[PDB]
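Heads up, the thing below is written out as structure tokens.
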Amino acid sequence: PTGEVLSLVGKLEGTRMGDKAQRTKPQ
Amino acid sequence: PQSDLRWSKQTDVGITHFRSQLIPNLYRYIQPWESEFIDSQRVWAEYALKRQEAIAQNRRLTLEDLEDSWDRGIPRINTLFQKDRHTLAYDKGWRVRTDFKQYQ
Amino acid sequence: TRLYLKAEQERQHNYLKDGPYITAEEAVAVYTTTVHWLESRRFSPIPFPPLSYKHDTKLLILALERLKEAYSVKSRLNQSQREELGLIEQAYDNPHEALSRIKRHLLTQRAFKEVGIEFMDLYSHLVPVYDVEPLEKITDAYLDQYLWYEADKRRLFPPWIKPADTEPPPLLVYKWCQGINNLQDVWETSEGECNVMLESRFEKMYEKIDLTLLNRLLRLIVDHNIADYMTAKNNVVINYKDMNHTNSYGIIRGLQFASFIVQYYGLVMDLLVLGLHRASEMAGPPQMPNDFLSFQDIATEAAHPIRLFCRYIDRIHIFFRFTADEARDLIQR
């Protein structure tokens with residue numbers, strides 16, 4: 001398991017651009 | 001790697017070992033422009049409704065109002081709660097000025 | 001850099017040899033077209049900043065906030081770096097003396113100090129960075145805030161001119177795409193109609209702006225004294241390290257109000273490109289102006305090839321739609 005990053009091209013089929021995008025609550 | 005997810009803690013009972021996978025990517029935590037734009041249009045129509053009905057109520061919009069529309073609207077709804085905001089309404093042509101700041 | 005300012009000194013030299021590259025009748029033509037457009041827009045010329053202006057204080061505070069934005073919290077503070085900050089906080093202390101000083105510079109100051117230039121090493125291209133004297137920096141910053149506020153108030157700038165304060169550029173792209181897709185039967189090619197989408201650069205806009213003509217055009221939309229200042233402001237010596245030239249053709253392009261000059265000359269060229277008829281149809285009647293991409297009625301929209309228009313700071317993006325007959329007439333011509 002090398003520590004170099006891998007090109008995200010082809011490994012993003014299971015996600016959307018906003019999945020896990022959360023908005024903070026009022027402070 | 002799973003090998004680097006192992007950690008150990010020692011107490012009087014002895015040494016106890018624990019484990020916990022992909023790192024999160026920056027592109028999953030920022031809303032795409034399309035969803036942002038449609039949400040902006042929705043939220044600002046909603047704010048138009050709430051502001052006219054609150055003007056009927058003769059009150060000012062509060063934090064508990066619009067709280068479901070906090071981080072939304074391309075001119076962010078949070079900008080109606082800034083303190084300088086009244087002076088900001090006198091800052092005209094700021095975007096051209098920002099695109100000309102790289103020049104000075 | 002040394003090579004570049006040598007080239008720019010030479011370019012200024014060929015300008016002052018050949019005189020105005022623009023011909024006199026070209027000047028009178030553009031002046032006529034702009035005055036016709038402005039009387040069609042009824043526009044009210046900008047008055048000189050009144051002494052008791054209601055928002056004047058707010059405009060200086062905004063200008064000094066913008067200036068302070070440049071100075072991040074850091075210990076790298078030299079004599080000029082500290083002098084600018086100290087004068088900024090001084091004007092913060094007494095806004096009225098700052099108003100008086102900026103005003104007196106407006107109605108009288110005409111000869112200014114040299115401006116140092118350094119360059120950004122973007123590996124593809126080099127952009128100059130102009131350093132203006134702090135007193136002049138404050139003066140021009142306030143004048144910038146004032147003129148932008150007043151132009152926004154009177155709506156000098158029609159909706160096609162970008163960038164606006166209503167939408168970030170990535171929303172400009174989305175509005176443009178939607179406006180394309182919402183034209184009347186824009187995607188139909190049974191009869192053979194063709195949509196043409198042009199985009200360009202307005203090559204050498206900043207450099208090839210003749211400052212005398214810049215004076216003549218801009219004397220109408222603002223007070224002539226403010227015009228005399230800002231036009232005298234681009235007749236200033238440029239220096240770097242040791243070799244220094246005066247510039248006369250190019251706008252300094254680093255002044256605090258260069259933004260207004262560029263966006264106004266862009267509107268003048270915009271009248272040239274569109275013609276007063278189509279420009280008026282895009283802008284709408286001065287009583288009820290349109291938004292970015294829309295017309296009063298679809299008949300006004302389908303009256304000419306140029307359906308959509310959008311000028312960025314110096315770019316143009318035009319979207320024509322032609323009938324087969326119109327296309328063939330243009331091709332044969």
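Residue numbers start at 1 in each chain; chains themselves are named A, B, ... in the order of the structure tokens; ligands are numbered from 1 in the order shown.
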Chain A residues near chain B within 7 Å, closest pair each, using only C-alpha atoms, as a Markdown table:
| residue | atom | partner | partner_atom | distance |
| --- | --- | --- | --- | --- |
| A:1 | CA | B:1 | CA | 6.5 |
| A:16 | CA | B:28 | CA | 6.8 |
| A:17 | CA | B:28 | CA | 5.0 |
| A:18 | CA | B:31 | CA | 4.7 |
| A:19 | CA | B:28 | CA | 5.6 |
| A:20 | CA | B:29 | CA | 5.7 |
| A:21 | CA | B:29 | CA | 4.1 |
| A:23 | CA | B:71 | CA | 5.8 |
| A:24 | CA | B:71 | CA | 6.9 |
| A:26 | CA | B:67 | CA | 6.8 |
At a cut-off of 7 Å, which residues of chain C touch chain B? Count only C-alpha atoms and give the answer as a PyMOL selection string.
chain C and resi 58+62+128-131+145+148-149+152+163-165+254+259
File dump, residues just selected, N, CA, C and O atoms, as a JSON list (two decimals), in the first residue's frame:
[["chain", "number", "residue", "atom", "x", "y", "z"],
["C", 58, "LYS", "N", -19.43, 57.49, 4.71],
["C", 58, "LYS", "CA", -19.46, 56.06, 4.46],
["C", 58, "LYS", "C", -18.52, 55.68, 3.33],
["C", 58, "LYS", "O", -17.83, 54.65, 3.39],
["C", 62, "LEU", "N", -15.38, 53.08, 3.56],
["C", 62, "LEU", "CA", -15.24, 51.94, 2.67],
["C", 62, "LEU", "C", -13.92, 51.98, 1.91],
["C", 62, "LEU", "O", -13.27, 50.94, 1.73],
["C", 128, "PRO", "N", 1.89, 43.85, -14.89],
["C", 128, "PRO", "CA", 2.56, 44.85, -14.05],
["C", 128, "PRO", "C", 1.76, 45.15, -12.79],
["C", 128, "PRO", "O", 0.53, 45.00, -12.76],
["C", 129, "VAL", "N", 2.46, 45.58, -11.75],
["C", 129, "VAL", "CA", 1.86, 46.02, -10.50],
["C", 129, "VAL", "C", 2.35, 47.43, -10.22],
["C", 129, "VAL", "O", 3.55, 47.65, -10.06],
["C", 130, "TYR", "N", 1.42, 48.38, -10.14],
["C", 130, "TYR", "CA", 1.74, 49.79, -10.00],
["C", 130, "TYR", "C", 1.61, 50.19, -8.54],
["C", 130, "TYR", "O", 0.63, 49.83, -7.88],
["C", 131, "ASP", "N", 2.59, 50.94, -8.04],
["C", 131, "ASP", "CA", 2.59, 51.40, -6.66],
["C", 131, "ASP", "C", 2.40, 52.91, -6.64],
["C", 131, "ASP", "O", 3.24, 53.66, -7.14],
["C", 145, "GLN", "N", -14.75, 54.86, -5.01],
["C", 145, "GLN", "CA", -15.98, 54.50, -4.31],
["C", 145, "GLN", "C", -17.12, 55.44, -4.68],
["C", 145, "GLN", "O", -18.25, 55.00, -4.94],
["C", 148, "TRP", "N", -18.27, 54.88, -8.45],
["C", 148, "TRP", "CA", -18.99, 53.62, -8.60],
["C", 148, "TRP", "C", -20.36, 53.68, -7.95],
["C", 148, "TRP", "O", -21.35, 53.22, -8.53],
["C", 149, "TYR", "N", -20.46, 54.28, -6.75],
["C", 149, "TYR", "CA", -21.78, 54.44, -6.14],
["C", 149, "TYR", "C", -22.70, 55.26, -7.03],
["C", 149, "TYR", "O", -23.86, 54.88, -7.24],
["C", 152, "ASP", "N", -23.74, 53.40, -10.22],
["C", 152, "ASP", "CA", -24.73, 52.38, -9.87],
["C", 152, "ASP", "C", -26.08, 53.01, -9.56],
["C", 152, "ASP", "O", -27.12, 52.42, -9.86],
["C", 163, "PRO", "N", -18.01, 42.31, -14.81],
["C", 163, "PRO", "CA", -18.74, 41.61, -13.75],
["C", 163, "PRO", "C", -19.61, 42.53, -12.93],
["C", 163, "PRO", "O", -19.25, 43.66, -12.63],
["C", 164, "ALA", "N", -20.80, 42.06, -12.56],
["C", 164, "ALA", "CA", -21.70, 42.81, -11.71],
["C", 164, "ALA", "C", -21.56, 42.35, -10.27],
["C", 164, "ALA", "O", -20.90, 41.36, -9.96],
["C", 165, "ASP", "N", -22.19, 43.10, -9.37],
["C", 165, "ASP", "CA", -22.19, 42.74, -7.96],
["C", 165, "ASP", "C", -23.31, 41.80, -7.58],
["C", 165, "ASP", "O", -23.43, 41.44, -6.41],
["C", 254, "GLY", "N", -3.45, 50.77, -13.05],
["C", 254, "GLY", "CA", -3.24, 50.40, -11.66],
["C", 254, "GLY", "C", -3.81, 51.42, -10.70],
["C", 254, "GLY", "O", -3.76, 51.22, -9.48],
["C", 259, "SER", "N", -10.74, 50.95, -12.83],
["C", 259, "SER", "CA", -11.90, 50.11, -13.07],
["C", 259, "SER", "C", -13.01, 50.89, -13.77],
["C", 259, "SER", "O", -13.60, 50.41, -14.75]]
Could you pull the residues within 10 Å of residue C:144, counting only C-alpha atoms, minus those fewer than 2 positions along the same chain, as an MDAnalysis selection string?
(chainID B and resid 92:93 97) or (chainID C and resid 59 63 138:142 146:150 255:260)
In stretch 1-201 of chain C, DSSP strand (DSSP E) residues written as number ranges by chain:
C: 115-121, 126-131, 194-200
Store the residues picked out above, limited to N, CA, C and O atoms, as a compact mmCIF listing (two decimals), in the first residue's frame.
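Final file, result.txt:
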# COMPACT_ATOMS: atom_id res chain seq x y z
N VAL C 115 5.31 56.45 -10.33
CA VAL C 115 4.69 55.22 -9.86
C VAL C 115 5.64 54.06 -10.17
O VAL C 115 5.99 53.83 -11.33
N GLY C 116 6.05 53.34 -9.13
CA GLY C 116 6.87 52.17 -9.33
C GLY C 116 6.06 50.98 -9.83
O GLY C 116 4.90 50.80 -9.47
N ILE C 117 6.69 50.17 -10.67
CA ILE C 117 6.03 49.00 -11.24
C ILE C 117 6.88 47.76 -11.04
O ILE C 117 8.10 47.76 -11.27
N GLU C 118 6.23 46.70 -10.57
CA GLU C 118 6.82 45.37 -10.46
C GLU C 118 5.86 44.40 -11.13
O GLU C 118 4.70 44.73 -11.41
N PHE C 119 6.32 43.18 -11.41
CA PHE C 119 5.58 42.26 -12.27
C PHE C 119 5.35 40.94 -11.55
O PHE C 119 6.17 40.51 -10.75
N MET C 120 4.21 40.32 -11.85
CA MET C 120 3.90 39.00 -11.32
C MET C 120 4.44 37.95 -12.27
O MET C 120 4.22 38.02 -13.48
N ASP C 121 5.13 36.96 -11.73
CA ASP C 121 5.68 35.90 -12.55
C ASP C 121 4.68 34.75 -12.71
O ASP C 121 4.92 33.62 -12.29
N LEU C 126 3.21 38.02 -18.01
CA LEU C 126 3.64 38.97 -16.99
C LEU C 126 2.65 40.12 -16.90
O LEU C 126 2.29 40.71 -17.93
N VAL C 127 2.21 40.45 -15.69
CA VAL C 127 1.27 41.53 -15.45
C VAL C 127 1.95 42.56 -14.56
O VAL C 127 2.56 42.18 -13.55
N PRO C 128 1.89 43.85 -14.89
CA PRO C 128 2.56 44.85 -14.05
C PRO C 128 1.76 45.15 -12.79
O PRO C 128 0.53 45.00 -12.76
N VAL C 129 2.46 45.58 -11.75
CA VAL C 129 1.86 46.02 -10.50
C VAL C 129 2.35 47.43 -10.22
O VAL C 129 3.55 47.65 -10.06
N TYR C 130 1.42 48.38 -10.14
CA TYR C 130 1.74 49.79 -10.00
C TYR C 130 1.61 50.19 -8.54
O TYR C 130 0.63 49.83 -7.88
N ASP C 131 2.59 50.94 -8.04
CA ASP C 131 2.59 51.40 -6.66
C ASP C 131 2.40 52.91 -6.64
O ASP C 131 3.24 53.66 -7.14
N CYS C 194 -29.03 29.04 -38.41
CA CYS C 194 -27.77 28.74 -37.77
C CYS C 194 -27.50 29.73 -36.65
O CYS C 194 -27.62 30.94 -36.85
N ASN C 195 -27.12 29.22 -35.48
CA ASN C 195 -26.69 30.05 -34.36
C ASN C 195 -25.17 30.16 -34.33
O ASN C 195 -24.45 29.16 -34.41
N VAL C 196 -24.68 31.39 -34.20
CA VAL C 196 -23.25 31.67 -34.18
C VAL C 196 -22.92 32.28 -32.83
O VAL C 196 -23.61 33.19 -32.37
N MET C 197 -21.86 31.78 -32.19
CA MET C 197 -21.48 32.19 -30.84
C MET C 197 -20.03 32.65 -30.88
O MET C 197 -19.11 31.83 -30.98
N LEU C 198 -19.83 33.96 -30.84
CA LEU C 198 -18.51 34.56 -30.98
C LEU C 198 -17.97 34.96 -29.62
O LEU C 198 -18.73 35.25 -28.70
N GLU C 199 -16.65 34.97 -29.49
CA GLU C 199 -15.98 35.44 -28.29
C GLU C 199 -14.61 35.97 -28.65
O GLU C 199 -13.94 35.42 -29.53
N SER C 200 -14.19 37.05 -27.99
CA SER C 200 -12.99 37.77 -28.38
C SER C 200 -12.36 38.40 -27.15
O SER C 200 -12.66 38.03 -26.01
Need to verify the contact set: residue C:311, 12 Å, only C-alpha atoms, exclusion of same-chain residues closer than 6 positions in sequence. Can you return it as a ChimeraX atom specification?
/C:157-164,172,176,198-202,262-271,273-274,292,317-319
For residue B:18, please output as a count of residues only all residues within 10 Å (counting only C-alpha atoms; exclusion window: fewer than 2 positions along the same chain).
7
For the atom pair atom CA of residue B:42 and atom CA of residue C:181, what is the interatomic distance in Å to one decimal place?
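Value for the atom CA of residue B:42-atom CA of residue C:181 distance: 20.8 Å.
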Assign secondary structure with DSSP using the backbone only, and return the residues of stretch 33-100 of chain B in helix (DSSP H, G or I) as a PDB file with N, CA, C and O atoms, in the first residue's frame.
ATOM      1  N   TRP B  33     -22.265  23.837  -8.240  1.00  0.00           N
ATOM      2  CA  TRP B  33     -22.793  25.155  -8.565  1.00  0.00           C
ATOM      3  C   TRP B  33     -24.270  25.082  -8.925  1.00  0.00           C
ATOM      4  O   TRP B  33     -25.037  25.990  -8.601  1.00  0.00           O
ATOM      5  N   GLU B  34     -24.692  24.005  -9.591  1.00  0.00           N
ATOM      6  CA  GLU B  34     -26.085  23.886 -10.015  1.00  0.00           C
ATOM      7  C   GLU B  34     -27.033  23.854  -8.823  1.00  0.00           C
ATOM      8  O   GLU B  34     -28.007  24.623  -8.757  1.00  0.00           O
ATOM      9  N   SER B  35     -26.779  22.940  -7.883  1.00  0.00           N
ATOM     10  CA  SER B  35     -27.600  22.862  -6.683  1.00  0.00           C
ATOM     11  C   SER B  35     -27.540  24.165  -5.904  1.00  0.00           C
ATOM     12  O   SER B  35     -28.557  24.633  -5.382  1.00  0.00           O
ATOM     13  N   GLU B  36     -26.356  24.772  -5.831  1.00  0.00           N
ATOM     14  CA  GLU B  36     -26.223  26.064  -5.171  1.00  0.00           C
ATOM     15  C   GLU B  36     -27.128  27.107  -5.809  1.00  0.00           C
ATOM     16  O   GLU B  36     -27.776  27.885  -5.105  1.00  0.00           O
ATOM     17  N   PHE B  37     -27.207  27.129  -7.140  1.00  0.00           N
ATOM     18  CA  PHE B  37     -27.960  28.185  -7.806  1.00  0.00           C
ATOM     19  C   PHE B  37     -29.456  27.987  -7.617  1.00  0.00           C
ATOM     20  O   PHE B  37     -30.191  28.940  -7.313  1.00  0.00           O
ATOM     21  N   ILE B  38     -29.926  26.747  -7.780  1.00  0.00           N
ATOM     22  CA  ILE B  38     -31.353  26.494  -7.595  1.00  0.00           C
ATOM     23  C   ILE B  38     -31.754  26.754  -6.146  1.00  0.00           C
ATOM     24  O   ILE B  38     -32.819  27.328  -5.873  1.00  0.00           O
ATOM     25  N   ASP B  39     -30.901  26.362  -5.194  1.00  0.00           N
ATOM     26  CA  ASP B  39     -31.189  26.641  -3.796  1.00  0.00           C
ATOM     27  C   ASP B  39     -31.181  28.135  -3.517  1.00  0.00           C
ATOM     28  O   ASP B  39     -31.959  28.617  -2.693  1.00  0.00           O
ATOM     29  N   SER B  40     -30.297  28.882  -4.176  1.00  0.00           N
ATOM     30  CA  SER B  40     -30.286  30.329  -4.005  1.00  0.00           C
ATOM     31  C   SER B  40     -31.607  30.937  -4.447  1.00  0.00           C
ATOM     32  O   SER B  40     -32.195  31.761  -3.735  1.00  0.00           O
ATOM     33  N   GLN B  41     -32.086  30.543  -5.626  1.00  0.00           N
ATOM     34  CA  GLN B  41     -33.345  31.093  -6.122  1.00  0.00           C
ATOM     35  C   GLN B  41     -34.496  30.748  -5.183  1.00  0.00           C
ATOM     36  O   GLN B  41     -35.295  31.620  -4.804  1.00  0.00           O
ATOM     37  N   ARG B  42     -34.580  29.477  -4.776  1.00  0.00           N
ATOM     38  CA  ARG B  42     -35.598  29.060  -3.813  1.00  0.00           C
ATOM     39  C   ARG B  42     -35.516  29.870  -2.527  1.00  0.00           C
ATOM     40  O   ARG B  42     -36.527  30.416  -2.065  1.00  0.00           O
ATOM     41  N   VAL B  43     -34.332  29.944  -1.927  1.00  0.00           N
ATOM     42  CA  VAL B  43     -34.197  30.570  -0.622  1.00  0.00           C
ATOM     43  C   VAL B  43     -34.529  32.048  -0.703  1.00  0.00           C
ATOM     44  O   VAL B  43     -35.113  32.612   0.225  1.00  0.00           O
ATOM     45  N   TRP B  44     -34.183  32.705  -1.805  1.00  0.00           N
ATOM     46  CA  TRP B  44     -34.435  34.137  -1.829  1.00  0.00           C
ATOM     47  C   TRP B  44     -35.890  34.454  -2.158  1.00  0.00           C
ATOM     48  O   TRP B  44     -36.418  35.464  -1.679  1.00  0.00           O
ATOM     49  N   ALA B  45     -36.575  33.593  -2.919  1.00  0.00           N
ATOM     50  CA  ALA B  45     -38.028  33.725  -3.001  1.00  0.00           C
ATOM     51  C   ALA B  45     -38.672  33.526  -1.631  1.00  0.00           C
ATOM     52  O   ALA B  45     -39.584  34.274  -1.236  1.00  0.00           O
ATOM     53  N   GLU B  46     -38.195  32.527  -0.886  1.00  0.00           N
ATOM     54  CA  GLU B  46     -38.710  32.288   0.457  1.00  0.00           C
ATOM     55  C   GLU B  46     -38.473  33.501   1.347  1.00  0.00           C
ATOM     56  O   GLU B  46     -39.344  33.881   2.138  1.00  0.00           O
ATOM     57  N   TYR B  47     -37.294  34.115   1.239  1.00  0.00           N
ATOM     58  CA  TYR B  47     -37.004  35.299   2.037  1.00  0.00           C
ATOM     59  C   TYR B  47     -37.885  36.468   1.634  1.00  0.00           C
ATOM     60  O   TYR B  47     -38.259  37.279   2.481  1.00  0.00           O
ATOM     61  N   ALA B  48     -38.179  36.611   0.342  1.00  0.00           N
ATOM     62  CA  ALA B  48     -39.111  37.653  -0.074  1.00  0.00           C
ATOM     63  C   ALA B  48     -40.456  37.469   0.617  1.00  0.00           C
ATOM     64  O   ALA B  48     -41.028  38.422   1.171  1.00  0.00           O
ATOM     65  N   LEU B  49     -40.957  36.232   0.621  1.00  0.00           N
ATOM     66  CA  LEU B  49     -42.211  35.945   1.313  1.00  0.00           C
ATOM     67  C   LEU B  49     -42.120  36.278   2.799  1.00  0.00           C
ATOM     68  O   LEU B  49     -42.995  36.962   3.352  1.00  0.00           O
ATOM     69  N   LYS B  50     -41.069  35.798   3.465  1.00  0.00           N
ATOM     70  CA  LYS B  50     -40.949  36.013   4.902  1.00  0.00           C
ATOM     71  C   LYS B  50     -40.779  37.489   5.231  1.00  0.00           C
ATOM     72  O   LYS B  50     -41.318  37.970   6.231  1.00  0.00           O
ATOM     73  N   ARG B  51     -40.043  38.231   4.403  1.00  0.00           N
ATOM     74  CA  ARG B  51     -39.830  39.642   4.685  1.00  0.00           C
ATOM     75  C   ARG B  51     -41.108  40.439   4.498  1.00  0.00           C
ATOM     76  O   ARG B  51     -41.402  41.332   5.297  1.00  0.00           O
ATOM     77  N   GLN B  52     -41.890  40.143   3.454  1.00  0.00           N
ATOM     78  CA  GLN B  52     -43.145  40.874   3.305  1.00  0.00           C
ATOM     79  C   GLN B  52     -44.115  40.538   4.435  1.00  0.00           C
ATOM     80  O   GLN B  52     -44.777  41.433   4.979  1.00  0.00           O
ATOM     81  N   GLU B  53     -44.183  39.265   4.844  1.00  0.00           N
ATOM     82  CA  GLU B  53     -45.099  38.926   5.931  1.00  0.00           C
ATOM     83  C   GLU B  53     -44.617  39.479   7.271  1.00  0.00           C
ATOM     84  O   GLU B  53     -45.439  39.790   8.140  1.00  0.00           O
ATOM     85  N   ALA B  54     -43.302  39.618   7.461  1.00  0.00           N
ATOM     86  CA  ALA B  54     -42.790  40.198   8.699  1.00  0.00           C
ATOM     87  C   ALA B  54     -42.947  41.713   8.706  1.00  0.00           C
ATOM     88  O   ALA B  54     -43.121  42.320   9.769  1.00  0.00           O
ATOM     89  N   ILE B  55     -42.864  42.345   7.532  1.00  0.00           N
ATOM     90  CA  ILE B  55     -43.190  43.761   7.424  1.00  0.00           C
ATOM     91  C   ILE B  55     -44.652  43.977   7.772  1.00  0.00           C
ATOM     92  O   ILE B  55     -45.004  44.957   8.442  1.00  0.00           O
ATOM     93  N   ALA B  56     -45.524  43.065   7.336  1.00  0.00           N
ATOM     94  CA  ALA B  56     -46.888  43.061   7.852  1.00  0.00           C
ATOM     95  C   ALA B  56     -46.891  42.907   9.370  1.00  0.00           C
ATOM     96  O   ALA B  56     -47.625  43.611  10.073  1.00  0.00           O
ATOM     97  N   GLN B  57     -46.066  41.996   9.892  1.00  0.00           N
ATOM     98  CA  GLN B  57     -45.886  41.843  11.331  1.00  0.00           C
ATOM     99  C   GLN B  57     -45.155  43.017  11.966  1.00  0.00           C
ATOM    100  O   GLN B  57     -45.117  43.105  13.198  1.00  0.00           O
ATOM    101  N   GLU B  67     -33.625  30.208   9.831  1.00  0.00           N
ATOM    102  CA  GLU B  67     -32.582  29.325  10.342  1.00  0.00           C
ATOM    103  C   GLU B  67     -32.471  28.036   9.537  1.00  0.00           C
ATOM    104  O   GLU B  67     -31.414  27.397   9.547  1.00  0.00           O
ATOM    105  N   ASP B  68     -33.536  27.642   8.841  1.00  0.00           N
ATOM    106  CA  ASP B  68     -33.457  26.541   7.892  1.00  0.00           C
ATOM    107  C   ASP B  68     -32.833  26.965   6.571  1.00  0.00           C
ATOM    108  O   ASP B  68     -32.539  26.107   5.733  1.00  0.00           O
ATOM    109  N   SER B  69     -32.635  28.265   6.373  1.00  0.00           N
ATOM    110  CA  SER B  69     -31.998  28.825   5.187  1.00  0.00           C
ATOM    111  C   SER B  69     -30.753  29.622   5.565  1.00  0.00           C
ATOM    112  O   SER B  69     -30.529  30.724   5.068  1.00  0.00           O
ATOM    113  N   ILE B  77     -27.478  34.221   2.991  1.00  0.00           N
ATOM    114  CA  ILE B  77     -28.492  34.719   3.918  1.00  0.00           C
ATOM    115  C   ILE B  77     -27.845  35.293   5.170  1.00  0.00           C
ATOM    116  O   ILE B  77     -28.382  36.215   5.795  1.00  0.00           O
ATOM    117  N   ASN B  78     -26.674  34.780   5.542  1.00  0.00           N
ATOM    118  CA  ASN B  78     -25.944  35.328   6.676  1.00  0.00           C
ATOM    119  C   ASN B  78     -25.614  36.805   6.491  1.00  0.00           C
ATOM    120  O   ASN B  78     -25.356  37.506   7.476  1.00  0.00           O
ATOM    121  N   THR B  79     -25.616  37.301   5.250  1.00  0.00           N
ATOM    122  CA  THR B  79     -25.208  38.684   5.032  1.00  0.00           C
ATOM    123  C   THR B  79     -26.291  39.679   5.427  1.00  0.00           C
ATOM    124  O   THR B  79     -26.017  40.882   5.477  1.00  0.00           O
ATOM    125  N   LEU B  80     -27.509  39.213   5.713  1.00  0.00           N
ATOM    126  CA  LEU B  80     -28.516  40.106   6.275  1.00  0.00           C
ATOM    127  C   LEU B  80     -28.381  40.259   7.783  1.00  0.00           C
ATOM    128  O   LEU B  80     -29.192  40.966   8.390  1.00  0.00           O
ATOM    129  N   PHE B  81     -27.390  39.613   8.398  1.00  0.00           N
ATOM    130  CA  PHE B  81     -27.141  39.737   9.830  1.00  0.00           C
ATOM    131  C   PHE B  81     -25.773  40.340  10.131  1.00  0.00           C
ATOM    132  O   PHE B  81     -25.323  40.300  11.280  1.00  0.00           O
ATOM    133  N   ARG B  85     -23.440  45.834   7.458  1.00  0.00           N
ATOM    134  CA  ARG B  85     -24.303  45.590   6.299  1.00  0.00           C
ATOM    135  C   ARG B  85     -24.912  46.861   5.720  1.00  0.00           C
ATOM    136  O   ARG B  85     -25.006  47.010   4.496  1.00  0.00           O
ATOM    137  N   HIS B  86     -25.334  47.791   6.578  1.00  0.00           N
ATOM    138  CA  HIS B  86     -25.884  49.044   6.072  1.00  0.00           C
ATOM    139  C   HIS B  86     -24.840  49.844   5.297  1.00  0.00           C
ATOM    140  O   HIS B  86     -25.168  50.501   4.304  1.00  0.00           O
ATOM    141  N   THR B  87     -23.576  49.792   5.722  1.00  0.00           N
ATOM    142  CA  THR B  87     -22.523  50.457   4.959  1.00  0.00           C
ATOM    143  C   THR B  87     -22.151  49.654   3.717  1.00  0.00           C
ATOM    144  O   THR B  87     -21.776  50.229   2.689  1.00  0.00           O
ATOM    145  N   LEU B  88     -22.241  48.322   3.795  1.00  0.00           N
ATOM    146  CA  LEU B  88     -22.007  47.498   2.612  1.00  0.00           C
ATOM    147  C   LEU B  88     -22.952  47.861   1.477  1.00  0.00           C
ATOM    148  O   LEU B  88     -22.570  47.786   0.304  1.00  0.00           O
ATOM    149  N   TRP B  94     -17.924  46.397  -6.208  1.00  0.00           N
ATOM    150  CA  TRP B  94     -16.818  45.776  -5.496  1.00  0.00           C
ATOM    151  C   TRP B  94     -16.170  44.656  -6.291  1.00  0.00           C
ATOM    152  O   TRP B  94     -14.987  44.377  -6.093  1.00  0.00           O
ATOM    153  N   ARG B  95     -16.917  43.991  -7.176  1.00  0.00           N
ATOM    154  CA  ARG B  95     -16.362  42.831  -7.866  1.00  0.00           C
ATOM    155  C   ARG B  95     -15.369  43.245  -8.939  1.00  0.00           C
ATOM    156  O   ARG B  95     -14.329  42.599  -9.112  1.00  0.00           O
ATOM    157  N   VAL B  96     -15.660  44.322  -9.665  1.00  0.00           N
ATOM    158  CA  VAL B  96     -14.668  44.857 -10.589  1.00  0.00           C
ATOM    159  C   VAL B  96     -13.427  45.282  -9.822  1.00  0.00           C
ATOM    160  O   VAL B  96     -12.295  45.034 -10.250  1.00  0.00           O
ATOM    161  N   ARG B  97     -13.625  45.923  -8.669  1.00  0.00           N
ATOM    162  CA  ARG B  97     -12.504  46.380  -7.854  1.00  0.00           C
ATOM    163  C   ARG B  97     -11.650  45.209  -7.389  1.00  0.00           C
ATOM    164  O   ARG B  97     -10.418  45.292  -7.364  1.00  0.00           O
ATOM    165  N   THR B  98     -12.293  44.107  -7.003  1.00  0.00           N
ATOM    166  CA  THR B  98     -11.554  42.913  -6.614  1.00  0.00           C
ATOM    167  C   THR B  98     -10.799  42.329  -7.798  1.00  0.00           C
ATOM    168  O   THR B  98      -9.659  41.875  -7.654  1.00  0.00           O
ATOM    169  N   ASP B  99     -11.417  42.328  -8.982  1.00  0.00           N
ATOM    170  CA  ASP B  99     -10.723  41.812 -10.156  1.00  0.00           C
ATOM    171  C   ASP B  99      -9.637  42.766 -10.626  1.00  0.00           C
ATOM    172  O   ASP B  99      -8.831  42.407 -11.489  1.00  0.00           O
TER     173      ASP B  99
END
Show me, as a VMD selection string, the residues that have an atom within 12 Å of residue C:31 when counting only C-alpha atoms, minus same-chain residues fewer than 3 positions from it.
chain C and resid 24 to 28 34 to 38 213 to 220 265 268 to 269 271 to 272
Identify, on the basis of only C-alpha atoms, every residue whose closest approach to residue C:237 does not exceed 12 Å; exclude the query and any residue fewer than 3 positions from it along the same chain; express the result as a ChimeraX atom specification.
/C:5,9,12,111-117,130-132,232-234,240,243-252
For a quick check of understanding, using only C-alpha atoms, which of C:61, C:288, C:221, C:22 has the smallest distance to residue C:99?
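Residue with the minimum atom-to-atom distance to residue C:99: C:61.
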So how many Å separate atom CA of residue C:56 and atom CA of residue C:43, to one decimal?
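Those two atoms sit 22.0 Å apart.
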